[PDB]
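Alright, here's a single protein chain in two forms, structure 1 and structure 2, each given by itself as structure tokens.
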Structure 1
């Protein structure tokens, strides 16, 4: 297999490869390389995700955040090749929408650490600008019902956020539960910092809550772990960022599906939840 061979030549500089396995997620460009000694996570990136992710920026941000010890080790990051190679924590457990709700005392400290880090990431996340970005990148008509009316309801939140005050801190930006992994010592790592950018920390909170479908009670309990003098909490900003997230990810989905991918109902389901969020708000 040619893909199998390419991986062997990309990682031999770090060494007896016994196995290469295709990994899921939301990018088919992920592989697991098993060696005699160690196991490696091999990530590819080429054409589609450029125009989305600045890889030079990502490389800087990886180097930047290393001392926080939140992410796993990165061995290789070569933009030329389009190759990323990370440490694979063997016998580590990936969190999901159920198990994440048992880990508040570990997740809250992780989020406090990044949000209060004073780290200056390359990249600013300006959600309305991001919406404009995806709109520009999408070639066909956006397939979602009532889009022009929804878009304009969403854009009315910009003034609201401005009135509420927008903070600018280092954020992960993509707190799906599978981005948390627990090692045997019970240490939680937060991985996959590809979208990471300066933003309001309430974005990260909204993402955590939304991706795992936190109940109102679970949100309040999590906020009691998280809220502090250095980490203030705005419930309204969270509600607004949930809508912006559903909007942005639904558009991301349309773009990705034009670039080859198929995510079933993922896009429409997120879009419709944005519409519901707008009606409740």
Structure 2
């Protein structure tokens, strides 16, 4: 039983009646060590332990508010606990739920485009103002080692040069999810599709979210065009250039996230190296 699992057991004890007990806390699948299934006498809970070393990256109070603010959209699953002290989310467990991946997401544009419209047109004022270039600096501060990626100064300066272009185009400010990996979509056995894991949610340009959806599921040009056709409306305008720019910023940011996570003891192999190289590729294609 890990330290993280012991802390989870303690936090869940507050959700139980005098009779009930925590039976087990086990690590769920996935890339990171954040996700756990907790079993109690009469209840199962999905747990995301996101707080470890992320105090300066994920503003826990911002995100606790964002949960209660976003609840009536009906997109996320039910929350039972959001622990500010350690950064731990305790949610409902949906039995026999299907987690989406790139292939399955591509069959469900009829559901997913309206979902993204719902969030981007919510008119909700989330706590948090996403600043991608400040985000880069946050990771740079937290990382102890000499940056392990090749040709970093030239790449960094090219990435930071995109700030001026974004200012010229004009950056929009809407409620965004910020982390549209396909595995953040889960389907109930009865058919309802959820969008989960809003830990990064913030006010941002909606083209960030589109870039993330497209990049994280490796959409083809045909899939991008088809999705944009579905998603585009007067209240959800589309900018292809912004999408291209945000893809580069995402690969940069998540490559730095990788270094920091590995410094804390995780092993993601060449995940970060490859994302960084894709930023390099994107910079060349953009220019």
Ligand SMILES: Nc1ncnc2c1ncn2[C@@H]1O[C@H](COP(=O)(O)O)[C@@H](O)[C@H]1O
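C-alpha atoms forming the largest set that superposes within 1.5 Å between two forms make up the rigid core. Numbering follows the first chain given and starts at 1.
- Between the two isolated copies of the chain, the first is the form deposited without the ligand.
- Core-superposed comparison between structures 1 and 2: among 230, 224, 215, 36, the single residue whose C-alpha moves by 2 Å or more is 36.
- The two forms, fitted on the rigid core, differ between structures 1 and 2 by less than 2 Å at the CA of residue 270.
- Once both forms are fitted on their rigid core, the CA atom of residue 69 lies less than 2 Å apart between structures 1 and 2.
- Once the rigid core is overlaid between structures 1 and 2, residue 177 does not reach a Cα shift of 2 Å, moving by less than that.
- Once the rigid core is matched between structures 1 and 2, the CA atom of residue 8 is found 4.7 Å away.
- Relative to the superposed core, residue 55 moves its CA by 1.2 Å between structures 1 and 2.
- Core-superposed comparison between structures 1 and 2: residue 99 shows a Cα shift of 0.5 Å.
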